[PDB]
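Only one chain is given next, in structure tokens, and it is the form deposited without 6-aminopyrimidin-2(1H)-one.
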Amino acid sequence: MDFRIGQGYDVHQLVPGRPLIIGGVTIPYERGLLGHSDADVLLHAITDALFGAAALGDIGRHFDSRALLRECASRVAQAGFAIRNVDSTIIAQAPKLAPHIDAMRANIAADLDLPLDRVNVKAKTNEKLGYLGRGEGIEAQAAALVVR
């Protein structure tokens, strides 16, 4: 089978008092992510992993973040690929993300037209290390498997 893998990375600064939107979920918090778009680091990492798996370049080259993810999926399908699964990790010292993971997974699954059982989102802190551990930013990592 013509399987392909992709990987994505994104990070943004946390600044006052933008909305904190991750995986399409607005999370109550005193700061939010800084970017030209809504700065949804998780959706950006996933988008990059998908463009990467399909050898379609990157988010910079191509481009709210859910609309961008739906367009990415469209472009991946246009190239003849089907998405098999996505896995991801968010690294944030605060706030607590566990209560929001299920809604993120639902949003992603809806945007990629996947069943829930093919989408995973994990949450981590950075153990108080570095800019992530000081709460200066939030990072996301993603992996995607597609097939032509």
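From 1 onward, residues are counted along the sequence shown.
From this point on, the text means the form solved in complex with 6-aminopyrimidin-2(1H)-one, which you will not see here.
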| query | finding |
| --- | --- |
| Result of superposing 6-aminopyrimidin-2(1H)-one in the entry with it bound onto shown chain, 2.4 Å backbone or C-beta criterion | open |
| In the entry with it bound, the one of 33, 104, 86, 97 near 6-aminopyrimidin-2(1H)-one [non-hydrogen atom within 4.5 angstroms] | 97 |
| Contacting member of 123, 109, 56, 27, with respect to 6-aminopyrimidin-2(1H)-one in the entry with it bound [4.5 Å, heavy atom] | 123 |
| Exercise: residue 119 in contact with 6-aminopyrimidin-2(1H)-one in the entry with it bound, heavy atom 4.5 Å | no |
| Contact flag, residue 69 vs 6-aminopyrimidin-2(1H)-one in the entry with it bound, heavy atom cut 4.5 Å | no |
| Non-hydrogen atom contact residue 92 with 6-aminopyrimidin-2(1H)-one in the entry with it bound at 4.5 angstroms | yes |
